[PDB]
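Given next, in structure tokens, is a single chain: the form deposited in one PDB entry.
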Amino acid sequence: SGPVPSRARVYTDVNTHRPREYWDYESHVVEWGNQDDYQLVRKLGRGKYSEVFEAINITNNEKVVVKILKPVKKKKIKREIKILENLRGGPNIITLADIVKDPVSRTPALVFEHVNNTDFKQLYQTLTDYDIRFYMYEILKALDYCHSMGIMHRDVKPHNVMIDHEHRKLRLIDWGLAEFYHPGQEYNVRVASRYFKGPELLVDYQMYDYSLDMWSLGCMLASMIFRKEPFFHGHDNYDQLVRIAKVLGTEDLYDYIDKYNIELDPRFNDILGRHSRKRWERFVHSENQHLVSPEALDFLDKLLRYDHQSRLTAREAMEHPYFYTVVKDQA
């Protein structure tokens, strides 16, 4: 009794009809810039795949950010590079400015445009109801754009969202886990970060799509309007699903595994229990009430759904009443 196949409800065959070279990053040949044009200034953060620093382009005193990669596999490198080039110039998509050979690390260092970011842990405590709606809209532009270009980000979370608040500027970063979508393809579920992992990842259903990003976006929103970051705090990948079940309820969770004929890892048997689906109003309090509205809850509710197929797409979400105001571009 294998799982039931699944397809994205949108942008299903965008790569199908594009030139092989578009999505075939393995054959992509990296062209390098001059590492001598950049000087590191400060470390911004470090991960299992790289260390990031603020830097300066010795050529024009322009500020930049350098991502020095850890050894990982040539294939992995080309993938991130191809996706960044394919998406460059897209709305709110971080701009890859250069690619160079770090002589010290002997690995490739990716050079991006710099954003005067404000640590999200501090910024979120300041955000107003309008800010949230605004930045959420900006993130949707990015997601709709990359999805429409046949690409799944796969690591949507506050950390990969740079915000220059005074300029109301937002860029989506870290496309290291991003991958092209091909209908019927069974992906690796080891993506995204624990707290933003969708139930598909948690239950091990590999035939997922762009909708994975929409669940991740839902988690950010909930954490934003409720002033609780992260919203779903699991102790591990298993307990993570438990935290979600304790909110969305176990009935709908089980209805989901039945629909796609998913075989749950026995390890869940002793931890999921039985839980009623709570009302989004249960997370409202004197400290976040000002950020919660009927439209915000209706919208959140349509993003945070077990069935990835029933989740709102980025283009559909942008049409929600929650965003009517967001001082529509126009001028």
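One-based numbering along the sequence shown. What we label the rigid core is the largest C-alpha set whose atoms superpose within 1.5 Å from one form to the other.
Not pictured, yet referred to below: the form deposited with a partner chain bound.
When you look in the deposited bound form, the only residue of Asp301, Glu26, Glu295, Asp265 with a non-hydrogen atom within 4.5 Å of its partner chain is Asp265.
Only one of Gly176, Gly218, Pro199, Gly150 comes within 4.5 Å of its partner chain in the deposited bound form through a heavy atom, and that residue is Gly176. Although its partner chain is omitted here, in the deposited bound form all of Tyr49, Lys76 and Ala192 have a heavy atom within 4.5 Å of it. Checking 129 to 137, 154 to 162, 210 to 218, 245 to 253 against its partner chain in the deposited bound form, the stretch whose residues place heavy atoms within 4.5 Å of it is 154 to 162.
Looking at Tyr124, you'd find every heavy atom of it more than 4.5 angstroms from its partner chain in the deposited bound form.
Taking non-hydrogen atoms only, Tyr187 approaches its partner chain to within 4.5 angstroms in the deposited bound form. Contact check for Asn261: a heavy atom falls within 4.5 Å of its partner chain in the deposited bound form. Although the partner is absent here, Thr118 lies well away from its partner chain in the deposited bound form, with no heavy atom inside 4.5 Å. Candidate set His285, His290, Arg277, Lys63; criterion, C-alpha shift of 2 Å or more between this form and the one not shown after rigid-core fit; matching residue, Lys63. Core-superposed comparison between this form and the one not shown: the Cα of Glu54 travels 2 Å or more. The Cα shift for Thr95 between this form and the one not shown, taken after rigid core superposition, is smaller than 2 angstroms. Once you line up the core between this form and the one not shown, the Cα of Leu40 ends up 2 Å or more from where it was.
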